[PDB]
Structures are given as structure tokens and as C-alpha cells.
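Colleague: Sharing a structure here in C-alpha cells format.
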Amino acid sequence: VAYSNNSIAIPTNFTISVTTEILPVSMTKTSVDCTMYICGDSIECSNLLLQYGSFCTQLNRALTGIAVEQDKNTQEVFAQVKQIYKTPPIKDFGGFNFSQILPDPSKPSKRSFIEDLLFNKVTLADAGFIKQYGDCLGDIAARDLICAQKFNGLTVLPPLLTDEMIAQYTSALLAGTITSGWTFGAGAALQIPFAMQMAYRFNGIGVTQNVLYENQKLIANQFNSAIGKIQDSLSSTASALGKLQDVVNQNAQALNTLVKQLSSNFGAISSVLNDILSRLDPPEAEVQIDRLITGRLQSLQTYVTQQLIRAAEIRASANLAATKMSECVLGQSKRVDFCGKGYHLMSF
Amino acid sequence: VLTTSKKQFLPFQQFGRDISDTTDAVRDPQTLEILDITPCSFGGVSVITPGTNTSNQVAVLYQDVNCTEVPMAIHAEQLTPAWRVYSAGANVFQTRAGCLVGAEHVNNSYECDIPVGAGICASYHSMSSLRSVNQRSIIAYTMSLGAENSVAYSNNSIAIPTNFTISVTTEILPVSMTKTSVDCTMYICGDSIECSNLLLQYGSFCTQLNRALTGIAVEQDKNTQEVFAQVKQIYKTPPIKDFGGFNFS
Amino acid sequence: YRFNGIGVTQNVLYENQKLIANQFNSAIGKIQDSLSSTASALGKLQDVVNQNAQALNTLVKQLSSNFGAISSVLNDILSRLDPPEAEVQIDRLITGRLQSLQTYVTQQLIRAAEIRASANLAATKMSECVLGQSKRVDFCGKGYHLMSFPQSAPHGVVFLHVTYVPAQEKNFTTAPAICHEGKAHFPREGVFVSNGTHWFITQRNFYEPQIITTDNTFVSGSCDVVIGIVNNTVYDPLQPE
Ligand SMILES: *[C@@H]1O[C@H](CO)[C@@H](O[C@@H]2O[C@H](CO)[C@@H](O)[C@H](O)[C@H]2NC(C)=O)[C@H](O)[C@H]1NC(C)=O
Ligand SMILES: *[C@@H]1O[C@H](CO)[C@@H](O[C@@H]2O[C@H](CO)[C@@H](O)[C@H](O)[C@H]2NC(C)=O)[C@H](O)[C@H]1NC(C)=O
Ligand SMILES: *[C@@H]1O[C@H](CO)[C@@H](O[C@@H]2O[C@H](CO)[C@@H](O)[C@H](O)[C@H]2NC(C)=O)[C@H](O)[C@H]1NC(C)=O
Ligand SMILES: *[C@@H]1O[C@H](CO)[C@@H](O[C@@H]2O[C@H](CO)[C@@H](O)[C@H](O)[C@H]2NC(C)=O)[C@H](O)[C@H]1NC(C)=O
Ligand SMILES: *[C@@H]1O[C@H](CO)[C@@H](O[C@@H]2O[C@H](CO)[C@@H](O)[C@H](O)[C@H]2NC(C)=O)[C@H](O)[C@H]1NC(C)=O
Ligand SMILES: *[C@@H]1O[C@H](CO)[C@@H](O[C@@H]2O[C@H](CO)[C@@H](O)[C@H](O)[C@H]2NC(C)=O)[C@H](O)[C@H]1NC(C)=O
Ligand SMILES: *[C@@H]1O[C@H](CO)[C@@H](O[C@@H]2O[C@H](CO)[C@@H](O)[C@H](O)[C@H]2NC(C)=O)[C@H](O)[C@H]1NC(C)=O
Ligand SMILES: *[C@@H]1O[C@H](CO)[C@@H](O)[C@H](O)[C@H]1NC(C)=O
Ligand SMILES: *[C@@H]1O[C@H](CO)[C@@H](O)[C@H](O)[C@H]1NC(C)=O
Ligand SMILES: *[C@@H]1O[C@H](CO)[C@@H](O)[C@H](O)[C@H]1NC(C)=O
Ligand SMILES: *[C@@H]1O[C@H](CO)[C@@H](O)[C@H](O)[C@H]1NC(C)=O
Ligand SMILES: *[C@@H]1O[C@H](CO)[C@@H](O)[C@H](O)[C@H]1NC(C)=O
């Protein structure tokens with residue numbers, strides 16, 4: 001950089017840039033049947049587990065705490081405003097186009113075109129799909145992992161907030177920000193013309209209001225082009241939402257590894273409870289069964305401990321997402337690089 | 001459960017084992033027909049109940065079972081009569097979370113009281129037939145996100161407040177947790193002279209547990225110090241003086 | 001100064017000082033009544049004490065379990081078995097009891113990290129809201145933060161957040177700029193509003209209509225560039241003198 005005591009550089013133009021920040025809010029909620037995983041529905045087994053029942057209760061208590069936290073994390077990020085602002089019939093917004101981000105009425109789930117692209121990019125089909133006992137029983141030939149974990153007592157609990165409800169919360173925040181700007185976040189929403197609200201945002205970053213009014217047509221066109229570029233980038237790049245895909249992959253991998261742990265024998269003659277029961281009388285059988293029970297309990301304990309550490313990381317990201325929603329979506333933030341590189345104007 | 005198996009074993013092969021190593025498929029000894037082996041239980045039961053003091057009424061939710069398949073899944077025919085009532089029809093409601101029985105579905109939407117899941121919530125409510133005798137029953141309803149509202153937006157219209165409200169709100173944040181220390185020998189040996197001779201090798205593990213606990217204890221004191229010791233200067237409260245009429249006593 | 005920070009003029013506080021003091025006193029009284037009449041107020045602090053007590057209680061319960069040993073009582077094994085046979089049974093109890101202690105320590109470490117994050121937020125809240133006025137939205141309570149008061153609580157800190165919330169509002173016609181004589185005029189700190197036949201400049205937060213004047217507004221460019229410009233006269237204080 002050319003530095004001089006009497007030299008300064010002043011911009012004679014400006015660029016409007018839209019950037020995407022992705023933060024994980026929640027992780028899959030899972031519950032484990034201790035007897036089904038260790039005993040495998042064996043009548044002889046679970047008589048030994050009666051003393052170990054207290055340990056199983058502790059594992060269930062930790063898992064239930066993670067599940068309630070995930071619902072709370074989603075609620076904090078999307079339920080900041082209880083008032084659901086109905087999207088108005090589109091009115092002149094100064095030439096700014098928000099139809100792509102606004103929910104589409106003529107489609108299922110009432111979700112935005114950008115939201116539809118994001119849903120397509122992340123594959124949750126691999127992580128789980130509804131399985132009836134009949135569906136698993138009929139499809140014996142295909143070894144789907146979801147049926148195998150369900151048979152071993154590992155199951156996934158559906159989130160309390162449905163995707164449609166999350167979309168309705170997102171639409172309400174979007175409607176409030178365009179129509180009333182920062183006013184809806186604190187106190188009752190007060191309607192303001194979008195161009196006048198945009199001038200206030202320019203005043204916040206230290207640019208005079210007149211510059212926005214004279215260049216309003218150019219500013220609206222630059223914003224529309226940036227939104228179009230973002231949708232094209234999401235559609236043409238498969239690897240966009242990497243963090244969200246990683247969260248689903250880690251949870252599915254952890255359940256799959258637990259099913260694999262059953263194959264291991266912890267010093268027992270066989271890893272199959274049935275084989276030990278068939279070949280050994282009960283006093284000799286108990287010693288071998290106890291070795292399998294202790295190892296299987298340890299595998300469940302290791303899985304629960306990993307889930308608790310993952311939940312803490314997800315909780316920190318969810319807290320940041322809630323802070324980002326209040327600071328950038330409900331207000332203009334003067335923090336540097338908190339709401340994107342450059343001087344923040346607004347966030348959707 | 002035994003079912004016919006599409007998979008065919010090679011002549012040397014007599015039985016099949018899955019990834020878990022359980023015998024997924026077996027061949028009948030008398031007849032060479034492969035039979036798949038399936039666990040009888042599928043799992044998935046939750047009991048939604050108001051406090052037992054308030055009522056003994058309960059609602060049962062099956063996560064993976066449709067209302068038609070509910071009796072077969074739980075083997076209701078061989079179950080106790082009280083269990084059969086929970087598998088009985090007329091209270092069955094089908095949800096994405098699963099079939100829910102013992103709860104009366106209501107169109108009205110309320111703030112969630114107990115979370116069934118998939119946008120469905122259950123509450124104990126005063127639903128009375130004929131509205132002449134008060135009756136209490138569990139109800140299943142879609143949760144209410146909030147009151148629907150529409151902002152009136154115009155290119156030349158603005159709303160400006162002509163008054164204001166001063167509001168005081170309380171935010172509670174945990175600063176510290178109880179500090180605890182564990183005597184490894186006392187907990188495991190229970191003051192036994194014979195015990196602890198074996199623990200001499202395991203002493204290193206006990207030292208590791210004590211080191212982690214001591215670190216938590218010092219952190220809790222540090223957490224309290226950071227929040228309350230921001231200013232070392234202790235400002236003496238002045239005899240109360242006029243504060244503009246603001247009361248802080 | 002706090003009112004000036006949220007964008008409300010100092011004069012509004014001075015004229016309404018008696019009302020502002022009464023509203024603050026009423027809010028403090030409402031808070032004390034709510035705490036006294038509602039048992040379930042400090043849920044998070046109670047949960048922290050309950051979790052710690054539950055963890056110690058479960059550890060005492062774990063002693064009852066026997067990890068493949070003939071008895072969970074060390075004394076019974078010692079009484080019925082000679083030392084070589086007794087050692088195998090004692091070792092099974094020792095390994096299981098050590099595992100129970102290890103599980104408890106691991107849970108405590110995860111809980112300590114959650115408490116540490118909350119304590120760090122509390123320290124940030126104390127510096128940003130108690131020692132200063134924070135412009136962050138919803139960091140120091142809903143509404144425009146004015147000041148915060150810390151109150152000591154067991155295992156926690158309770159923050160009383162005093163905030164300014166806009167009350168009743170009215171509808172007013174608005175224009176981005178005023179065309180006085182072929183020159184666009186933009187309001188320096190206010191929004192142009194019309195009661196219906198007259199145009200005034202007022203602060204957005206509170207309604208204080210004022211006659212448009214050369215000091216009140218700045219003139220930039222020409223009327224044609226502004227899309228919503230409307231015709232009005234800008235008064236000049238210098239011209240009568
Ligand atoms: C600031 O940059 C903008 C955008 O690059 C310029 O607007 C362009 O003007 C040229 C004509 O010179 C047109 O061909 C382009 O279509 C305009 N861009 C868009 C996207 O509308 C603008 O001219 C620049 N301003 C200055 C002071 O040079
Ligand atoms: C906002 O942008 C969208 C997408 O560019 C515009 O939607 C187009 O609408 C026309 C009809 O007016 C259709 O023929 C196009 O297929 C739509 N998409 C595209 C890619 O052009 C929408 O009209 C824009 N909103 C306004 C009012 O400008
Ligand atoms: C702004 O709000 C305050 C508080 O509500 C109003 O002051 C009160 O008005 C009511 C209505 O008559 C009186 O009964 C109270 O005695 C007043 N004082 C208080 C502290 O409640 C005030 O009048 C309102 N101002 C406007 C512009 O309407
Ligand atoms: C500030 O408020 C307190 C109450 O919290 C006032 O103290 C007295 O409180 C009792 C009830 O607890 C009332 O019966 C008294 O009337 C209150 N004071 C008096 C002398 O009337 C305290 O006086 C208030 N401070 C001021 C100076 O207004
Ligand atoms: C300011 O104007 C808006 C729009 O006219 C008002 O909002 C409407 O108020 C009427 C009154 O009955 C309702 O029927 C409408 O449903 C409201 N919204 C719409 C979309 O028209 C608003 O109430 C006015 N402000 C005040 C102070 O009344
Ligand atoms: C809008 O505000 C103006 C203030 O300019 C009001 O005009 C006043 O009207 C009253 C009587 O109607 C006169 O006594 C004042 O001298 C006027 N003030 C002036 C000329 O500055 C006007 O009444 C208000 N209302 C409407 C509907 O226009
Ligand atoms: C606001 O005032 C301007 C300036 O007086 C008006 O502009 C005139 O518009 C008429 C047609 O309505 C033209 O014939 C003149 O050439 C314009 N200039 C002048 C100097 O008179 C304008 O009509 C007024 N109204 C609006 C809505 O802008
Ligand atoms: C055994 O006898 C049964 C009944 O007669 C017959 O169905 C089966 O094929 C026989 N299997 C062998 C081993 O021959
Ligand atoms: C049940 O709870 C209520 C308070 O909600 C209490 O008054 C009542 O005593 C409780 N019942 C019993 C049997 O203690
Ligand atoms: C089972 O219930 C679900 C709703 O939870 C429904 O979509 C499905 O069609 C029903 N039928 C099946 C597949 O058993
Ligand atoms: C509930 O809604 C359905 C569908 O609109 C309707 O058929 C039914 O009569 C309504 N009433 C109740 C409480 O079932
Ligand atoms: C405001 O909206 C009306 C109705 O659509 C329109 O006639 C008028 O030209 C618009 N004015 C501006 C400032 O865009």
C-alpha cells in the first residue's frame with residue numbers, strides 16, 4: 001500500500017454484495033432401548049441386566065436432555081417474534097425484488113424458491129426415512145441400515161417443529177424486516193417505505209441518504225443481480241451446504257458404528273448370545289453373557305458421551321445463530337464481519 | 001419371526017450372518033428352504049400423561065406404527081384388558097410422530113403444553129359434553145406458532161409512536177455449579193483393609209479423576225470472580241439522595 | 001444521556017421526567033410482586049443444583065450393582081471366599097466402581113463447560129449492559145436498552161434490564177425529500193411527516209413535529225432524481241431578520 005503523510009484514497013463508487021452464512025441449529029434426536037441393544041430380545045438376558053438397569057437409566061436421561069435441547073435450539077433461533085407477519089401482496093419496494101426469498105403460494109409447504117434449493121442440496125434421505133415393521137419385514141433382501149438399527153433398538157425421534165412451521169417463522173421475520181425494518185424487533189411493528197428504510201441503513205454506515213436516493217435504481221438492480229447470482233451458485237454447485245450435510249453424516253455414522261460394535265466379542269467365546277446359551281449351561285453361560293453385557297454397555301456409554309460433546313458444539317452454533325438473527329435480521333450491526341464482509345445493511 | 005427368504009445359500013453354506021453377526025437367515029434342516037429371521041419386537045412406545053396427582057388418565061403414542069397395525073404390533077389380544085383399551089379405537093389419532101390413542105383430537109390450536117412431536121401437542125383440558133358437568137380429558141392439537149398479523153404497507157405511509165413505555169425484565173444466567181471431591185479408596189474399598197492392596201495399581205486412574213475434579217472446582221471460583229469482580233473499587237452506597245424520583249431502595 | 005443514546009432527544013426525558021420515574025418505580029414493584037407470587041421463577045438455577053445432587057445420589061446407587069461378582073458387598077465376598085478366589089470377585093467390583101466414578105467425572109466436565117459458557121456470557125452482559133449502554137439488539141433485554149441492574153442469586157446472577165418500548169403510534173403521510181425551489185431537501189435527523197395539509201420533520205422514535213427549516217434539513221441535487229419528492233416550502237430563519 002502506497003502510504004504518504006498528505007495522501008488519501010476515497011471511493012467514487014460502491015458495490016452491493018449478498019453473501020450466504022450457514023450455521024447448524026439442531027442435530028438428529030435419538031433414543032436407545034438398553035435391553036433390546038444388549039439382550040437382543042433374549043428371555044435369559046435382562047435377568048443379569050436388572051442390576052445394570054440404573055446405568056441404562058443414566059444413558060436414557062442424557063439422551064432425553066439432548067433431545068429437549070435440540071427443540072429449544074430451533075425455538076430460540078426461529079421464535080424470536082411470536083407475531084406471524086402475513087406477507088403483503090407484493091407492493092413497489094423501490095424496485096428491490098424479494099419474490100425469490102418470499103414464500104411461493106402456488107407450491108406445497110409454502111416455502112421460498114431459495115429454501116427449496118437448500119432443502120434439495122442437503123440429503124436427509126440417507127440419515128432416515130419412515131420405516132413400518134411391515135416395510136422392513138417385506139424388504140429383507142435389501143439391507144437398509146435404518147431397519148437394522150431399528151431392530152437393535154436404535155431409533156430417531158422427529159423434531160417438535162415441522163419444516164412448514166420453521167418456514168412460516170422465516171416468512172414472518174422476512175415480512176417484518178421488509179415492511180417495518182428494525183421496528184418489528186423491538187416493540188410493535190411500524191410500517192416504513194422500503195426505500196426510506198434503506199436510506200436509514202445507508203445513514204447507519206456513514207453514507208449520506210441523498211446518495212441512495214439518486215442511485216436508487218442502480219442499488220435495486222445491483223441487489224437483484226446479487227440475489228440471482230446466489231440462486232444460480234446454489235443450483236450449479238453441489239457442495240454448498242457442507243456443514244449441514246456433515247451434521248447428518250456424523251449422526252448416521254454413530255448409529256451405524258454402534259450396530260457394528262455388536263459383532264465384536266469382549267473376551268466371550270461367541271458374540272452371539274444365542275450361540276452361548278445353546279452350547280453352555282446357565283452358570284457357565286452367565287460369565288460369557290456378563291462379558292458381552294459389560295462391553296455392549298460400554299459401547300452405549302461411549303456413544304452417549306460423543307453425542308453430549310456434539311450437542312455442546314451444536315448448542316454454541318445455535319446460540320450464535322440466535323445472536324445473528326437478533327443483531328443482523330432484526331437490526332443493523334456495526335460489528336465488523338459479524339453480519340458478512342463489508343458494511344452490513346440488512347440480512348435475510 | 002420366521003419368513004421365506006429370497007437369498008439362496010451356496011451348497012457348502014448352511015446359514016447366513018448379518019453385519020451384527022446375528023443369524024439373519026437360516027436353512028430348514030428337513031427341507032432346503034432359506035428362512036429369514038426377524039426380531040419379534042419393533043420398539044417405539046411413549047406414554048403422555050398429566051401429573052399422576054391430577055389424573056390417572058394416560059395417552060399412548062407409537063412412533064412407527066399406523067393405527068390399523070397397532071393391535072398386531074403390541075400383540076394386544078394377549079395383553080391385559082387395561083392395555084387393550086389403549087389399543088382400542090374411537091380415541092385413535094394419526095400423526096407424523098405416530099398413532100396416538102387415549103387423546104381426543106381438537107381443531108383449536110393452543111400454545112404447546114406437552115410435546116408429542118411433528119407439530120402435535122397434548123394438554124389436559126376441561127372438555128365437557130353438553131357443557132353441564134365439567135369433565136377433564138387429554139386433548140391432541142396442532143401447536144399455535146402465534147397470533148396471525150398483517151402489517152399495512154404503503155409507499156407514502158409511516159407510523160410514528162406518540163408515547164412510550166418503560167419496561168423492567170429479569171434475565172437469569174447460571175454462574176457456578178457445586179464443587180465436589182471424591183475419595184477413590186472410600187467409594188470403592190469402603191474402608192476395607194483387604195481392599196486398596198489391589199487398588200495400588202489403579203491409584204494412577206484415581207489421581208486422574210481427582211485432577212479433573214480439582215480443575216472444575218478452581219474454574220467455578222474463577223467464573224464467580226469474572227462476573228462479580230469487574231471493579232475492585234467497592235463503592236459505598238451514599239445516603240439516598242434525590243435521584244429524579246427514581247426509587248432504588 | 002441514555003435517552004440520547006437510543007435516539008430520543010434529551011428534552012423529551014426532562015419534560016416527562018416525573019412520568020418516567022413513576023413508570024420505572026411501578027415496573028420494579030411489578031417485578032418484586034411477580035417473584036414473590038410465582039414459585040417457578042428461577043428455574044435454571046434450581047436445575048443446576050438438582051443435576052449436581054442427582055449425580056451424587058446416582059453414584060451412591062451404583063454401589064448396589066454387582067459387576068458379575070457373586071455379591072455387591074465386599075464384606076460378604078471376603079467372609080465367604082479365601083483371598084485368591086476373593087481377588088477375582090473384588091477386581092470385578094473395583095473395575096465397575098472405577099468406571100462409575102469415571103462416568104460421573106466425564107458428565108461433570110461437560111456440565112462445567114456449559115456453566116463456563118453461561119458465566120462468560122454473564123461477564124460480557126455485566127460489562128456491556130451494567131457498565132455501559134449496549135446498542136446490540138435483544139442483548140440487554142427486548143426494546144431499546146437504557147440501563148441494567150445486577151442482583152445476586154445462588155449459583156447465578158439475575159439482571160434487571162430497563163428498556164424503552166414505543167407505545168401508541170399514529171399514521172402519517174411521508175416523503176423522502178421536499179422540493180422547495182427546484183432543489184431536493186433531505187431531513188438531517190428526522191422523517192418528513194404530514195398531518196394532512198402541513199409538512200413537519202420529527203424524530204422516528206417519538207412524535208415531535210417541527211416546522212421544516214434550513215438548519216433542520218440539508219439540500220442536495222435536484223428534485224427530479226428523488227422518486228417520492230413532494231412540493232413544500234422550507235422556512236428560512238435568516239430572511240425575516
Ligand atoms: C459504478 O459502478 C456501476 C456498476 O458497475 C456503474 O454502472 C454501470 O454503468 C455502465 C455505463 O458506464 C453500464 O454499462 C452498466 O450497465 C452499469 N452497471 C449496472 C450493473 O447497472 C457506474 O457507472 C459506476 N459509477 C461510476 C461513478 O463510474
Ligand atoms: C423478480 O424476479 C423474478 C425472477 O427473475 C421474476 O419472475 C419472472 O416473472 C416473469 C413474468 O413476469 C416470468 O416470465 C419469469 O419466468 C419469472 N422468472 C424469471 C427468471 O424471469 C419477477 O417478475 C421479478 N419481480 C418483479 C416484479 O420484477
Ligand atoms: C402516555 O402513557 C402514559 C402512561 O400510560 C399516560 O399517563 C397516564 O395516563 C392515564 C390515562 O388517563 C392516567 O390514568 C395515568 O394517571 C397517567 N399516568 C400514569 C403514570 O399512568 C400518558 O397520558 C400518555 N400520554 C399520551 C400522549 O397519551
Ligand atoms: C421507595 O419505595 C419504598 C418501598 O419499596 C418506600 O418505602 C416505604 O415502603 C412501605 C411499604 O414497604 C410504604 O408503606 C412506605 O409508604 C414507603 N415509604 C414511605 C415513607 O412512605 C420508599 O419510601 C420509597 N422511596 C421514596 C423516597 O419514595
Ligand atoms: C394505519 O393504516 C393502516 C391501513 O389502513 C391500518 O391498518 C388497518 O386498520 C383497519 C381498521 O379496521 C383494519 O381493518 C385493517 O385490517 C388494517 N390493515 C389493513 C391491511 O388494512 C392501521 O390501523 C392504521 N393505524 C391506526 C393508528 O389505526
Ligand atoms: C396540521 O397542523 C397544522 C399546523 O401547521 C394545523 O394548522 C393550525 O390550525 C389551527 C386551527 O385549525 C391554527 O390555529 C394554527 O395557527 C394552524 N397552525 C399553523 C398555520 O401553523 C392544522 O390544523 C393541522 N391539521 C390539519 C388537518 O391540517
Ligand atoms: C411541484 O412543483 C413543481 C415546480 O413548480 C411543478 O413542476 C411544474 O410542472 C408543470 C406541470 O405540472 C410543468 O408545466 C412545469 O414546467 C413544472 N415546473 C415549474 C417550474 O413550474 C410540479 O407540477 C409540482 N407538482 C408535483 C406533483 O411535482
Ligand atoms: C424329512 O421328512 C419330511 C416329511 O416327510 C420331508 O418333507 C423332508 O423333505 C425330509 N427331509 C429329508 C432330510 O429327507
Ligand atoms: C396435587 O397438587 C395440588 C396442587 O396443584 C395440591 O394442592 C394437592 O395437595 C396435590 N395432591 C396431593 C394428593 O397431595
Ligand atoms: C401411516 O401414517 C402416515 C402418517 O403418519 C401416513 O402418511 C401413511 O399414509 C399411513 N400409511 C401407512 C404407510 O401405513
Ligand atoms: C375439524 O376440521 C375438520 C376439517 O375441516 C372438520 O371436518 C371437522 O368437522 C372439524 N371439527 C372437529 C372438531 O372435528
Ligand atoms: C405509490 O403507489 C401508487 C399506487 O401503486 C403509485 O400510483 C405511485 O406512483 C407510487 N409512488 C411512488 C413514490 O412510487
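We name chains A, B, ... following the order of the C-alpha cells; residues begin at 1 in each chain, and ligands are numbered from 1 as shown.
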Would you please give, as a PyMOL selection string, all residues of region 50-211 of chain B that DSSP assigns to strand (DSSP E or B) based on the backbone?

Modeller: chain B and resi 59-62+93-94+99-101+104-105+110+114-117+120-125+137-143+148-150+157-161+164-174

Colleague: Using only C-alpha atoms and all ligand atoms, find each residue with an atom at most 7 Å away from ligand 2 and format the answer as a list in words.

Modeller: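 After applying the 7 Å limit, what remains is residues 97, 98, 99 and 100 of chain A.
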
Colleague: Grab me every residue within 9 Å of ligand 12, counting only C-alpha atoms and all ligand atoms, and send it over as a list in words.

Modeller: residues 91, 92, 93 and 94 of chain A; 154, 155 and 156 of chain B; 175, 176, 226, 227, 228 and 229 of chain C

Colleague: With only C-alpha atoms and all ligand atoms counted, collect every polymer residue having an atom within 10 Å of ligand 8; state the result as a ChimeraX atom specification.

Modeller: /B:28-33

Colleague: Let me see the file: selected residues, N, CA, C and O atoms, as a compact mmCIF listing (two decimals), in the first residue's frame.

Modeller:
# COMPACT_ATOMS: atom_id res chain seq x y z
N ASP B 28 -33.84 -74.48 6.61
CA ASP B 28 -34.61 -75.52 7.35
C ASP B 28 -33.89 -76.86 7.18
O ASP B 28 -33.45 -77.15 6.05
N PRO B 29 -33.68 -77.66 8.25
CA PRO B 29 -32.92 -78.91 8.11
C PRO B 29 -33.61 -79.95 7.22
O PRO B 29 -32.94 -80.51 6.37
N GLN B 30 -34.91 -80.18 7.42
CA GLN B 30 -35.65 -81.21 6.63
C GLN B 30 -35.80 -80.77 5.17
O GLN B 30 -35.52 -81.59 4.28
N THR B 31 -36.17 -79.51 4.94
CA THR B 31 -36.42 -79.03 3.55
C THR B 31 -35.44 -77.90 3.24
O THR B 31 -35.29 -77.01 4.08
N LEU B 32 -34.83 -77.91 2.05
CA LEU B 32 -33.78 -76.90 1.76
C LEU B 32 -34.46 -75.58 1.36
O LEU B 32 -34.32 -75.18 0.19
N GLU B 33 -35.14 -74.94 2.31
CA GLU B 33 -35.79 -73.63 2.06
C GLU B 33 -35.14 -72.61 3.00
O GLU B 33 -35.13 -72.86 4.22

Colleague: Given only C-alpha atoms as the basis, pick out the residue of C:158, C:110, C:55, C:73 nearest to residue 92 (chain C).

Modeller: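 Using only C-alpha atoms, residue 92 (chain C) sits closest to C:73.
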
Colleague: Just need the residues of chain A within 9 Å of chain C, counting only C-alpha atoms, so spit them out as a VMD selection string.

Modeller: chain A and resid 48 50 to 55 58 94 185 to 188 190 192 to 193 195 to 196 199 209 to 210 213 to 216 286 to 287 290 to 291 294 301 305 308 to 309 312 316 323 326 to 328 330 to 334

Colleague: Show me, as a PyMOL selection string, every residue of chain B with an atom at most 8 Å from chain C, counting only C-alpha atoms.

Modeller: chain B and resi 156-178+187-189+192+195+198-199+206+209+212-213+216+219-220+223-224+226-228+230+244-247

Colleague: Restricting it to C-alpha atoms, dump the selection as a CSV table (one decimal), in the first residue's frame.

Modeller:
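Saved as again24.csv:
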chain,number,residue,atom,x,y,z
B,156,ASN,CA,-46.1,7.1,1.3
B,157,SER,CA,-47.3,5.8,4.8
B,158,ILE,CA,-45.3,5.7,8.1
B,159,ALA,CA,-46.3,5.0,11.7
B,160,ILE,CA,-44.6,7.2,14.5
B,161,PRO,CA,-45.1,6.5,18.3
B,162,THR,CA,-46.7,9.3,20.2
B,163,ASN,CA,-45.9,7.7,23.6
B,164,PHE,CA,-43.5,5.3,25.3
B,165,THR,CA,-43.4,2.6,27.9
B,166,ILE,CA,-40.6,1.8,30.4
B,167,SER,CA,-40.2,-2.0,31.0
B,168,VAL,CA,-38.0,-3.8,33.5
B,169,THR,CA,-37.3,-7.5,32.6
B,170,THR,CA,-35.3,-10.3,34.5
B,171,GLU,CA,-32.6,-12.4,32.8
B,172,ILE,CA,-31.2,-15.3,34.9
B,173,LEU,CA,-27.8,-16.9,33.9
B,174,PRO,CA,-26.1,-19.7,36.0
B,175,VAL,CA,-22.6,-18.6,37.0
B,176,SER,CA,-21.3,-21.6,39.0
B,177,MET,CA,-22.0,-25.2,39.9
B,178,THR,CA,-21.4,-27.1,43.2
B,187,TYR,CA,-16.0,-45.2,47.5
B,188,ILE,CA,-14.6,-48.4,46.1
B,189,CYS,CA,-13.0,-50.2,49.1
B,192,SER,CA,-11.7,-52.4,53.8
B,195,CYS,CA,-9.2,-53.8,49.5
B,198,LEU,CA,-5.5,-54.4,44.7
B,199,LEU,CA,-6.2,-50.6,44.1
B,206,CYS,CA,-7.9,-42.3,40.8
B,209,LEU,CA,-10.2,-38.4,38.3
B,212,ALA,CA,-10.2,-33.3,36.6
B,213,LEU,CA,-12.5,-32.6,39.7
B,216,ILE,CA,-13.7,-27.9,37.8
B,219,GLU,CA,-12.9,-22.9,37.4
B,220,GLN,CA,-16.1,-22.3,39.4
B,223,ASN,CA,-16.3,-17.9,37.0
B,224,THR,CA,-17.8,-16.1,40.0
B,226,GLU,CA,-15.0,-12.8,36.5
B,227,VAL,CA,-18.7,-11.9,36.8
B,228,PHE,CA,-18.7,-10.0,40.2
B,230,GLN,CA,-15.1,-6.5,37.3
B,244,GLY,CA,-35.0,12.4,40.0
B,245,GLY,CA,-37.8,10.5,41.8
B,246,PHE,CA,-36.4,7.1,40.7
B,247,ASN,CA,-36.6,4.5,43.5

Colleague: Given the choices A:3, A:266, A:169, A:202, which gets closest to chain B if the distance is worked out from only C-alpha atoms?

Modeller: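 Of A:3, A:266, A:169, A:202, the one nearest chain B, counting only C-alpha atoms, is A:169.
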
Colleague: Under the rule of at most 7 Å, produce a per-residue listing of chain A near chain B: chain, number, name, the closest pair of atoms, and the distance in Å, as CSV, using only C-alpha atoms.

Modeller:
residue,atom,partner,partner_atom,distance
A:82,CA,B:146,CA,5.0
A:83,CA,B:146,CA,5.5
A:84,CA,B:148,CA,5.0
A:85,CA,B:149,CA,5.0
A:86,CA,B:150,CA,4.8
A:131,CA,B:64,CA,6.6
A:132,CA,B:64,CA,5.5
A:133,CA,B:42,CA,6.3
A:141,CA,B:6,CA,6.5
A:150,CA,B:42,CA,6.9
A:151,CA,B:42,CA,6.1
A:153,CA,B:43,CA,6.6
A:158,CA,B:118,CA,6.2
A:159,CA,B:118,CA,6.1
A:160,CA,B:117,CA,4.1
A:161,CA,B:119,CA,5.5
A:162,CA,B:118,CA,5.5
A:179,CA,B:153,CA,6.0
A:190,CA,B:159,CA,5.2
A:191,CA,B:158,CA,5.3
A:192,CA,B:158,CA,4.9
A:193,CA,B:155,CA,5.0
A:259,CA,B:20,CA,6.0
A:260,CA,B:20,CA,5.5
A:262,CA,B:20,CA,5.4
A:263,CA,B:20,CA,4.6
A:272,CA,B:22,CA,6.1

Colleague: Write down as a ChimeraX atom specification the residues belonging to region 2-247 of chain B that are assigned helix (DSSP H, G or I) by DSSP computed on the backbone.

Modeller: /B:67-74,76-78,81-87,129-131,184-189,199-228

Colleague: One decimal, in Å: what's the spacing between atom 21 (O, counted along the ligand's line) of ligand 6 and CA of residue 209 (chain C)?

Modeller: 11.1 Å
